[PDB]
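Below you'll find only one chain, the form deposited in one PDB entry, shown as structure tokens.
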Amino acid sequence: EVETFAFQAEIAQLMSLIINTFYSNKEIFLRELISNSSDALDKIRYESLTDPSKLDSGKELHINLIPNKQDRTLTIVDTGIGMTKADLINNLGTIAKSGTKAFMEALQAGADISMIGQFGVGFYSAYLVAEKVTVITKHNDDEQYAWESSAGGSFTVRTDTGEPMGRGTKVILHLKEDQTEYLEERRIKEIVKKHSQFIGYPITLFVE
């Protein structure tokens, strides 16, 4: 069972801006997704402070970066709080309508696309480098779901009968053909060191 949804107009506009604007500094997508993962990790840590059973679905709080040159994917995995079905549908747990408005106003006043994360919509920077994004997620007390979109105004949601995750989120970037530098170990290492060097969770770059 696959459900197809339309993006809200403002989010479709955000995505079209990201996909169509000439902007060479694409590498910031990784900083933004790592930051989102850190935020998700913070959320489950906070819940666990008063209810340790929240970590029964996995105690380790970390981020994995997994390139796969055969599939042309870069996957960012975290063991954060995850998302419910309703969160997925609600713009991946964001306030993307108001955030998009604030980002657009900032762009008009001299900001650039690299500032996207200040507006709570950094996830969508994935579309700087990905033709399709698949998000697999598992929140405590909800089932595992897969969200997917190739932009074009719609996304899908289905229950994921794939490999179980204990808890967290996997963002699978199906890279554009000219963006395969982001599968190279030395390039990923460089970007992590430049933009994510103080993130307070382990970031493991897998090799192939």
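Residue indices: 1-based, along the sequence shown. Whichever C-alpha set is largest while still superposing within 1.5 Å between the two forms counts as the rigid core.
Just so you know, the form deposited with a small molecule bound exists too; it's not on screen, but the next bit is about it.
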Checklist entry - Is the gap between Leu183 and the small molecule in the deposited complex 4.5 Å or less for some heavy atom pair? => result no
Checklist entry - Looking in the deposited complex, any heavy atom of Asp39 within 4.5 Å of the small molecule? => result yes
Next on the checklist: So in the deposited complex, is the small molecule close enough to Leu61 to count as touching (4.5 Å, heavy atoms)?
Outcome noted: no
Checklist entry - Given that the partner is absent here, does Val171 sit within 4.5 Å of the small molecule in the deposited complex, heavy atoms only? => result yes
Checklist outcome for this item: Shifting its Cα by 2 Å or more between this form and the one not shown with the rigid core aligned, the only one of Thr73, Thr94, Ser114, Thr84 is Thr94
Checklist outcome for this item: What changes in the deposited complex is the Cα distance between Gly93 and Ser154, by 3 Å or more; the two atoms are closer
Item to check | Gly93 and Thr100, C-alpha gap in the deposited complex relative to this structure (3 Å or more) | outcome: closer
